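Before any questions on how it binds or moves, here is one chain, the form deposited in one PDB entry, in structure tokens.
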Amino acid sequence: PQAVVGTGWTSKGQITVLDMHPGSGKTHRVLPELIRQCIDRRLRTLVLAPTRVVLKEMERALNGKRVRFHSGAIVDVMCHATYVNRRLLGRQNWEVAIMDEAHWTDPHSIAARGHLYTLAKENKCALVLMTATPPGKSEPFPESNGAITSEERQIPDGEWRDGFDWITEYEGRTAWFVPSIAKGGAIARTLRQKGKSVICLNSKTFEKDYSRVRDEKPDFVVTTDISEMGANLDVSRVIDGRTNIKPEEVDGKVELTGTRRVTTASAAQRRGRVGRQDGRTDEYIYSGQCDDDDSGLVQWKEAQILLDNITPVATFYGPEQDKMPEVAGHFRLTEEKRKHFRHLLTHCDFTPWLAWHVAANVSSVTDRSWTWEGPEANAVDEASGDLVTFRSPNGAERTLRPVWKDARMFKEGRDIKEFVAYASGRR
């Protein structure tokens, strides 16, 4: 059991980074020991899971302990997002905070470790960050429970016919990381045409399909970064193009153009899907280098948006603090507008970026004219190339043309149809 958590780790102001390689037992071994200690010492304790799947991991890992799981117990377990979103309103307090997967660059995750770091720094609580890749450390090839042979090869970027026999002549199960759902679909179509069984994991398919992997044992799992954390794919090979889709504010809009190179922490998680078992050798096949400079991504603005509205002078976790795009408190809203912000996040599935721009600028919680009164360049097109139309309750035909344009609302795991429900005032 890691050295720095024998005792004194639970002391107000203590920040414990556990740099623990993948498969090393952060979730199923170390966490139950930290909770057993916290409960014996009667310390009110917060546990933060990135995702529902890691939360369900924790429910098994903390089976037979007095713990309350959130969607007469002093340990609260919830998702990073749940914590931050609740703090946007009679807030609860804990004196120990344990964050699992504390590398995650989801804006709720950056915001939560920022708030907890700030509290720690003011002696309000003790903080434990657990991850294979602490923020600041640049290490794509961390340690494994078993050997991984890592090799650079050219990897197909879409459909292919000949020239990559090593993909289909492999005898074990593979996980192939792809930068988008669309790129995922084209890889999966080719693999199935080559007679392979394939399950696609992404935000649209996960809750139905993740549990199928264990059972069906497909030749391939074609997955986005959704599988970077707490996903057990039980594969012997990862194929990793080392790309991701990059949400970025460009000329006042959020775009999803093109690909960025992954961060070391992402490459490590992707490689981390294999080498989980000693006495087995697994493969990690990759293409090209990593890039730890993700400062231009909208996630940092979205993290500050969330952090400024859940708060001394609050900062990001120290290593990430260079990436706060504005002076602390810049994005704080009035109470009344934070209420609107929280509604749009929790009930309308808005990005933090869009929810902030709407709540800061719009007169009423009932106004929808912002969805059609944007500049002509912001008009949203259907697949067939026609501009999306819908009807306000008075029967007026509108073209979807939002003042604030976030491409994430109209592709890659969200549908135009759900935004139209909101724009037409059905919400």
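Each form is matched to the other, and the largest set of C-alpha atoms that superpose within 1.5 Å is called the rigid core. Residues that one form lacks are left out of the comparison. Residue numbers here begin at 1 and follow the sequence given.
One more form of this protein, deposited in another entry, exists but is not displayed; see below.
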(request) Please name the single residue among 205, 105, 244, 118 whose Cα shifts by at least 2 Å between the shown form and the other one after core superposition. (result) 205
(request) Could you check whether the CA atom of residue 24 moves 2 Å or more between the shown form and the other one, using the rigid core for the fit? (result) yes
(message) For a quick check of understanding: after superposing on the core, name the runs of at least three residues, shared by both forms, whose CA atoms each shift 2 angstroms or more between the shown form and the other one.
(response) 3-5, 21-28, 203-209
